[PDB]
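As a starting point, one isolated chain is supplied in structure tokens, in the form deposited in one PDB entry.
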């Protein structure tokens, strides 16, 4: 059962994170895509979001030439929650060539509570690529699973 991989040895991961992955299980089968920029974004929870078997959890597609860039891989997942929100992070994306000390890309998704939908309104917020390190692409989406 291939899915999101958390830090730590298999079967010895944080119970907090494991519980959140369980809570989001109903979203695994879904696919989320941005609406509208020269790029489109596709996001999935613990499942391949790309079309190149790269293990992507979130990909960026350049519309003009179809280039698919891996923003983050689900084999490097972090997930935590607050009152009415859940933050999901996928590290290990394709490396930058000139920005951010050439570190691997990363996806940060802020899922906010919304009692009216199981999941929707996924869209990019911005890309932070102006730092020497710890850069990231930020996204937001709504989900009733984030309510609590």
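Throughout, rigid core stands for the largest set of C-alpha atoms superposing within 1.5 Å between the two forms. Positions refer to the first chain, counted from 1.
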Please figure out whether residue 36 and residue 37 are truly consecutive in the deposited sequence or have unmodelled residues between them, and give none, 1 to 3, 4 to 9, or 10 or more. 4 to 9
Averaging CA B factors per stretch from the PDB record, which one is higher: 115 to 123 or 77 to 85? 115 to 123
Comparing 41 to 49 with 95 to 103, where is the mean C-alpha B-factor higher? 95 to 103
Which third, lowest, middle or highest, does the C-alpha temperature factor of residue 31 belong to within its own chain? highest
Could you look up the Cα B-factor of residue 140 in the entry and say which third of the chain it sits in: lowest, middle or highest? lowest
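Separately, the form deposited in another entry exists; it is not shown, and the next lines address it.
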Considering only 42, 70, 100, 108, which residue exhibits a C-alpha shift of no less than 2 Å between the shown form and the other one, with the rigid core used for superposition? 100
Rigid core aligned, does the Cα position of residue 23 differ by 2 Å or more between the shown form and the other one? no
After a rigid core superposition, would you say the CA of residue 128 moves by 2 angstroms or more between the shown form and the other one, or not? yes
Work out the direction of the Cα-Cα change for residue 129 and residue 120 in the other entry: closer or farther than in this form? It's 3 angstroms or more. closer
At a change of 3 Å or more, would you call the C-alpha separation of residue 88 and residue 131 in the other entry closer or farther than in the form supplied? farther
